[PDB]
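Here's the structure we're looking at; comments come further down.
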Amino acid sequence: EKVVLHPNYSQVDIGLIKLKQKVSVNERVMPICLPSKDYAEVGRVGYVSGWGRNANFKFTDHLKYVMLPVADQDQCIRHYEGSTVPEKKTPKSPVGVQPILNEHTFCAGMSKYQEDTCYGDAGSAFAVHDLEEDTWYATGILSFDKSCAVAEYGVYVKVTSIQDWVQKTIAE
Amino acid sequence: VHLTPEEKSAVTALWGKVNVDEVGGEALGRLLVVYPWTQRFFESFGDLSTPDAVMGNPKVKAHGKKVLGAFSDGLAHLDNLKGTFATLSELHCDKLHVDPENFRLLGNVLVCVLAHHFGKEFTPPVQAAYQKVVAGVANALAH
Amino acid sequence: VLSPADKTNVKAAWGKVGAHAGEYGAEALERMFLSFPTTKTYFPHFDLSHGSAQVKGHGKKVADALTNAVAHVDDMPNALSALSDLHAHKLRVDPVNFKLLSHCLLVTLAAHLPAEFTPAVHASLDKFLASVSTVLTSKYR
Amino acid sequence: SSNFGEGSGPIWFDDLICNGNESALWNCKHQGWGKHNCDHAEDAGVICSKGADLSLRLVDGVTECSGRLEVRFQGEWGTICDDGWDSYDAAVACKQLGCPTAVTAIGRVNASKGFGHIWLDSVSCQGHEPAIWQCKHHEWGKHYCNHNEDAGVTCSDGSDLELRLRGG
Ligand code: HEM
Ligand code: HEM
Ligand SMILES: *[C@@H]1O[C@H](CO)[C@@H](O[C@@H]2O[C@H](CO)[C@@H](O)[C@H](O)[C@H]2NC(C)=O)[C@H](O)[C@H]1NC(C)=O
Ligand SMILES: *[C@@H]1O[C@H](CO)[C@@H](O)[C@H](O)[C@H]1NC(C)=O
Ligand SMILES: [Ca+2]
Ligand SMILES: [Ca+2]
């Protein structure tokens, strides 16, 4: 029906898609829940589904997922920018392009098998399974998918940062 | 698509000299080394961390022999690949949940192994024929 | 990601490639064109027949680019920045073609350097070619 | 560049202005105790003389002053990568071993690949440094070289080099 972008979409790589009619929720279609907490604490393993490219750079025919653990924030800016200080940051990305790294984004490294997210995986939720209440939460939304296997970290924008904006957008 | 008689003859001639007991194990070990996520399906094969451990694993060699035998079976029936690989595709899709792209990766790794084994005899024409063969095998083994 | 051991293996393998790099790249281009004809749509102005001088020159250029990437393995995005911009914007080459060319380069290296294409070296060269492809396909849109 | 790993804790000094004759590090002017526009990737590390225990030697050459060049770092012998190894580096090494420096070629004369570590890479000597480690070079052990690239020198007094054409 309509698409609304984040007001600061240069700093918060988020856009919202609204369907014409509410989708029929079943065993194959079901919304993820926006977290009430911050599950992006370092070491937490979330499942990143994706429809993006695979090891042959071919868009995957079947949906896949990986269990990427969130990495230390300082290690991630240091991996892409220079030294996590604005006056010494440099375009040090192992991939050509630079991710959007700020306080609204976290980073998840590759899994134990050196597998990561590639082109076309952006927009996929960093789904985190809360074992206490057995609910799946979109801890982050994959923003930097250009980290196929060269850059060690994929950049995910924190949903809790955008949670206030999206809820205000659902109202209208 | 139908494979031309010249391409079929080239594929058969090159496969006649393929060491069935070693080439398949080499290809499977190379797949597990280059693409370490494929080691996820062979966690029952023992140590698979070091590349030397992967290539020297007896279980990996035996399973590579079985995989290369399946490749030979699909080669003898190049015109009927889905029928010959229905059971294996069902196994991989349901019992093992192997992603179809892993089959294409193993086909490419097998082509690399064949080139490594045969030197300049793996000409670009016979490589194109073998790429068609492995693409057919992977498509018949997928979905 | 390229580990220091992987970088060492790639540097050694490309060093023993040495001066044969131009014809290695020409053979890799020929293998890509024959095995995967869909990659020929990006070369409509080239003579794509076997032994073509134009394909040989482009293979020499590709191998020189790969040599520069190997020499700057720690700064590959800067080494391939011009090529990244070119392939991503002017030519709009789809990344699957980059993976096909990487596979064909690996096949050429295996066929021409069988003694030095060990599984560890094969994995390292695959990782380096994936890094090259990712740098060149990063700006694709 | 935190080559010895990334440290932990508060960075104490940022811009230390030391001319050399200081009794301790916490005696230079600097700009504060804990005031720094740094990260933990900028932790400075040093290598000292009595710890490194450096010495140079030539192994597996046709003469006592030729062959593969091997440098000892922290009690273990290692070779030198030939990347960035040129005639100035060879001259510095030859004058360091204290034997004729009239002509100082590069490349091990007939030595095979060395064994163990490869310590120095891209040594940039101006030709006047007292030894090979006062020159500008990459960090000890930080390189992607194999032992096929072992650097060497050929210290000769411009007298035993002979050239001729044979077979024509
Ligand atoms: C690409 C062509 C392939 C062929 C022709 C092939 C063939 C076979 C054959 C003949 C078997 C034995 C079936 C049985 O024992 O009942 C098998 C099982 C299996 N395959 Fe494949 N395979 C291929 C690719 C792959 C790949 C790429 C993977 C993993 C990434 C894989 C993982 C497995 C596993 C885990 C088993 C069962 C192991 C066991 O029974 O102990 N296969 N496959
Ligand atoms: C590792 C992968 C690759 C490398 C190192 C590479 C390198 C190069 C280099 C050095 C040039 C010369 C550009 C110039 O001199 O201005 C070039 C041009 C070009 N590349 Fe690639 N390339 C790669 C992948 C590909 C692939 C896979 C394709 C197509 C399937 C492709 C299509 C082209 C085209 C169409 C040109 C223009 C040549 C011309 O107009 O004459 N590239 N590439
Ligand atoms: C490089 O050449 C030198 C000189 O011929 C070799 O050193 C000689 O080795 C033989 C052993 O076969 C000794 O008897 C000589 O006394 C050695 N000469 C000197 C001056 O040391 C050396 O072994 C060669 N290195 C190789 C072939 O790797
Ligand atoms: C955009 O940024 C401004 C200030 O940087 C902030 O006040 C505003 O809340 C941001 N937008 C949203 C939707 O939060
Ligand atoms: Ca400062
Ligand atoms: Ca060198």
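So the protein lines, in turn, are chains 2, G, C and D. Residue 242 in PDB author numbering sits at position 68 of the first sequence; the count goes up by one each step and never skips. Residue 126 in PDB author numbering sits at position 126 of the second sequence; the count goes up by one each step and never skips. Residue 5 in PDB author numbering sits at position 5 of the third sequence; the count goes up by one each step and never skips. Residue 244 in PDB author numbering sits at position 34 of the fourth sequence; the count goes up by one each step and never skips. All C-beta atoms, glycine included, are put in the ideal place defined by N, C-alpha and C.
**Study point:** Distance, residue 244 (chain D) Cα to residue 175 (chain 2) Cα
**Key:** Counting from 1 along the first sequence, the entry for residue 175 (chain 2) is found at position 1. Counting from 1 along the fourth sequence, the entry for residue 244 (chain D) is found at position 34. If I take the Cα positions, the gap works out to 55 Å.
Check your understanding: Which residues bound the beta strand (DSSP E) around residue 280 (chain D)?
Key -> Residue numbering aside, residue 280 (chain D) sits at position 70 when the fourth sequence is read from its first letter. Residue 280 (chain D) -> beta strand (DSSP E) spans 276 to 283.
Point to revise | Cβ neighbour criterion (16 or more within 10 Å) applied to residue 35 (chain G) | key: For the purposes of this step, residue 35 (chain G) is taken as residue 35 along the second sequence, with counting starting at 1. By the 10 Å Cβ count, residue 35 (chain G) comes out buried.
Review point. To which residues does DSSP link residue 189 (chain 2) through a beta bridge?
Key: Within the first sequence, the letter at position 15 stands for residue 189 (chain 2). Answer by DSSP bridge pairing, in chain order: 179 (chain 2).
Review point. Between which two residues does the beta strand (DSSP E) harbouring residue 332 (chain 2) extend?
Key: If you number the first sequence from 1, residue 332 (chain 2) lands on position 158. That run of the beta strand (DSSP E) goes 327 to 332.
Check your understanding: How many Å lie between residue 351 (chain D) and residue 134 (chain C) at the Cα?
Key -> Position 141 of the fourth sequence, counted from the start, is the residue given in the question as residue 351 (chain D). Position 134 of the third sequence, counted from the start, is the residue given in the question as residue 134 (chain C). About 28 Å.
Point to revise | Straight-line gap, residue 226 (chain 2) to residue 325 (chain 2) (C-alpha atoms, nearest Å) | key: The residue labelled residue 226 (chain 2) in the question sits at position 52 within the first sequence. The residue labelled residue 325 (chain 2) in the question sits at position 151 within the first sequence. In this structure, the CA atom of residue 226 (chain 2) is about 16 Å from the CA atom of residue 325 (chain 2).
Check your understanding: Hey, how far is the Cα of residue 296 (chain D) from the Cα of residue 337 (chain D)?
Key -> Here the question's residue 296 (chain D) lines up with position 86 in the fourth sequence. Here the question's residue 337 (chain D) lines up with position 127 in the fourth sequence. If you take the alpha carbons of residue 296 (chain D) and residue 337 (chain D), they lie about 10 Å apart.
Point to revise | Bounding residues of the alpha helix (DSSP H) (the contiguous stretch that carries residue 310 (chain 2)) | key: Indexing the first sequence from 1 puts residue 310 (chain 2) at position 136. It is not in any alpha helix (DSSP H) - residue 310 (chain 2) instead sits in the beta strand (DSSP E) that spans 309 to 318.
Review point. So with Cβ pairs under 8 Å, would you call residue 120 (chain C) a contact of chain D?
Key: Sequence index remark: in the third sequence, residue 120 (chain C) carries index 120 (1-based). Chain D, which has no Cβ nearer than 8 Å to the Cβ of residue 120 (chain C), makes this no.
Review point. Thinking C-beta only, is residue 313 (chain D) closer than 8 Å to residue 271 (chain D)?
Key: As a position in the fourth sequence, residue 271 (chain D) is number 61, starting the count at 1. As a position in the fourth sequence, residue 313 (chain D) is number 103, starting the count at 1. Contact: no.
Point to revise | Short Cβ contact (8 Å threshold) for residue 35 (chain C) with residue 128 (chain G) | key: Taking the third sequence and counting its residues from 1, one reaches residue 35 (chain C) at position 35. Taking the second sequence and counting its residues from 1, one reaches residue 128 (chain G) at position 128. Cβ distance < 8 Å, so residue 35 (chain C) and residue 128 (chain G) count as in contact.
Check your understanding: Between residue 57 (chain G) and residue 184 (chain 2), what straight-line distance do the alpha-carbon atoms span, to the nearest angstrom?
Key -> Taking the second sequence and counting its residues from 1, one reaches residue 57 (chain G) at position 57. Taking the first sequence and counting its residues from 1, one reaches residue 184 (chain 2) at position 10. Cα to Cα, residue 57 (chain G) sits roughly 51 Å from residue 184 (chain 2).
Review point. Any residues in the segment 226 to 237 of chain 2 with a beta carbon nearer than 9 Å to a beta carbon of chain G? Which ones, in chain order?
Key: From the segment 226 to 237 of chain 2, only 228, 229, 230, 232, 234, 235, 236 have a Cβ closer than 9 Å to chain G.
Exercise for review: Flag this pair as touching only if the segment 323 to 343 of chain 2 and the segment 265 to 272 of chain 2 have three or more C-beta atom pairs under 8 Å; answer yes or no.
Suggested key: yes
Practice item. Report yes if the C-beta distance between residue 103 (chain G) and residue 68 (chain G) is below 8 Å; otherwise report no. Key: Sequence index remark: in the second sequence, residue 103 (chain G) carries index 103 (1-based). Sequence index remark: in the second sequence, residue 68 (chain G) carries index 68 (1-based). Against a cut-off of 8 Å, the Cβ pair of residue 68 (chain G) and residue 103 (chain G) comes out as no contact.
Check your understanding: Mind pulling the alpha helix (DSSP H) runs of 4 or more residues that sit fully within the segment 226 to 282 of chain D?
Key -> 259 to 262
Review point. Within 7 Å: the Cβ of residue 98 (chain C) and any heavy atom of ligand 2?
Key: Position 98 of the third sequence holds residue 98 (chain C). Residue 98 (chain C) Cβ: within cutoff of ligand 2.
Point to revise | C-beta neighbour in chain C for residue 268 (chain 2), strict 8 Å | key: Along the first sequence, read from residue 1 onward, the residue named residue 268 (chain 2) stands at position 94. Answer yes: the Cβ-Cβ gap between residue 268 (chain 2) and chain C drops below 8 Å somewhere.
Check your understanding: For residue 42 (chain C), which residues from the same chain have a beta carbon less than 8 Å from its beta carbon, with the 5 sequence-adjacent residues on both sides left out?
Key -> Taking the first residue of the third sequence as 1, we reach residue 42 (chain C) at position 42. Same-chain partners within the cutoff: 91, 93, 97.
Point to revise | Separation of residue 299 (chain 2) from residue 91 (chain G), as counted between CA atoms | key: Walking along the second sequence from the start, residue 91 (chain G) turns up at place 91. Walking along the first sequence from the start, residue 299 (chain 2) turns up at place 125. Their Cα atoms are separated by approximately 30 Å.
**Study point:** Exercise answer, beta-carbon shell around ligand 6 heavy atoms below 5 Å
**Key:** Those satisfying the condition are, in chain order, 292 (chain D), 293 (chain D), 359 (chain D).
Practice item. Would you please state the rounded distance, in angstroms, between the beta carbons of residue 206 (chain 2) and residue 312 (chain 2)? I believe it to be under 8 Å. Key: Counting from one through the first sequence, the residue named residue 206 (chain 2) turns up at place 32. Counting from one through the first sequence, the residue named residue 312 (chain 2) turns up at place 138. 5 Å between Cβ atoms; contact.
Check your understanding: Is there at least one Cβ from chain G nearer than 8 Å to residue 62 (chain C)'s Cβ?
Key -> For the purposes of this step, residue 62 (chain C) is identified with residue 62 of the third sequence, where counting begins at 1. No, no contact with chain G.
Point to revise | Proximal chain 2 residues relative to residue 52 (chain C), where beta-carbon distance stays under 9 Å | key: Start at 1 with the first residue of the third sequence, and residue 52 (chain C) comes out as number 52. None at all; the shortest Cβ gap to chain 2 is about 26 Å.
**Study point:** Best match in 24 (chain C), 99 (chain C), 71 (chain C), 3 (chain C) for proximity to residue 51 (chain C) [C-alpha to C-alpha]
**Key:** Walking along the third sequence from the start, residue 51 (chain C) turns up at place 51. Closest option to residue 51 (chain C), Cα to Cα, is 24 (chain C).
Review point. Would you say residue 252 (chain D) reaches chain 2, if we count a Cβ-Cβ gap shorter than 8 Å as a contact?
Key: Taking the first residue of the fourth sequence as position 1, residue 252 (chain D) is located at position 42. Against chain 2, the CB of residue 252 (chain D) has a partner CB under 8 Å away; the residue lies at that interface.
Practice item. Tell me residue 103 (chain C)'s beta-bridge partners as DSSP assigns them. Key: Along the third sequence, read from residue 1 onward, the residue named residue 103 (chain C) stands at position 103. For residue 103 (chain C), which the question treats as bridged, DSSP gives no partner whatsoever.
Review point. Name the residues in the segment 277 to 289 of chain 2 whose C-beta lies less than 9 Å from a C-beta of chain G; which are they?
Key: Among the residues of the segment 277 to 289 of chain 2, those with a Cβ less than 9 Å away from any Cβ of chain G are 285, 286, 287, 288, 289, in the order of the chain.
Review point. Is residue 11 (chain C) near residue 70 (chain C), with beta carbons less than 8 Å apart?
Key: Residue mapping note: residue 11 (chain C) aligns to position 11 of the third sequence, counting from 1. Residue mapping note: residue 70 (chain C) aligns to position 70 of the third sequence, counting from 1. Yes.
Review point. Should residue 249 (chain D) be counted as a contact of ligand 5 given a C-beta to heavy atom distance under 7 Å?
Key: In the fourth sequence, the residue the question calls residue 249 (chain D) occupies position 39. Residue 249 (chain D) Cβ: outside cutoff for every heavy atom of ligand 5.
Exercise for review: Compare the Cα-Cα distances from residue 103 (chain C) to each of 22 (chain C), 31 (chain C), 1 (chain C) and report the closest residue.
Suggested key: Counting from 1 along the third sequence, the entry for residue 103 (chain C) is found at position 103. Minimum Cα distance to residue 103 (chain C) is reached at 31 (chain C).
Practice item. Out of 105 (chain C), 139 (chain C), 141 (chain C), point me to the one whose CA is closest to residue 201 (chain C)'s CA. Key: The question about residue 201 (chain C) has no answer, for chain C in this structure spans 1 to 141.
Check your understanding: If you measure from each residue's Cβ to the nearest non-hydrogen atom of ligand 4, which ones come out under 7 Å, in chain order?
Key -> 180 (chain 2), 181 (chain 2), 182 (chain 2), 338 (chain 2), 339 (chain 2)
Point to revise | 4-residue-minimum alpha helix (DSSP H) runs that sit fully inside the segment 16 to 59 of chain G, ordered along the chain | key: 20 to 34, 51 to 55
Point to revise | Partners in chain D for residue 12 (chain C), counting only beta-carbon separations shorter than 8 Å | key: On the third sequence, residue 12 (chain C) is found 12 positions in, with the first residue counted as 1. Near residue 12 (chain C) (Cβ distances below 8 Å), the residues of chain D are 356, 358.
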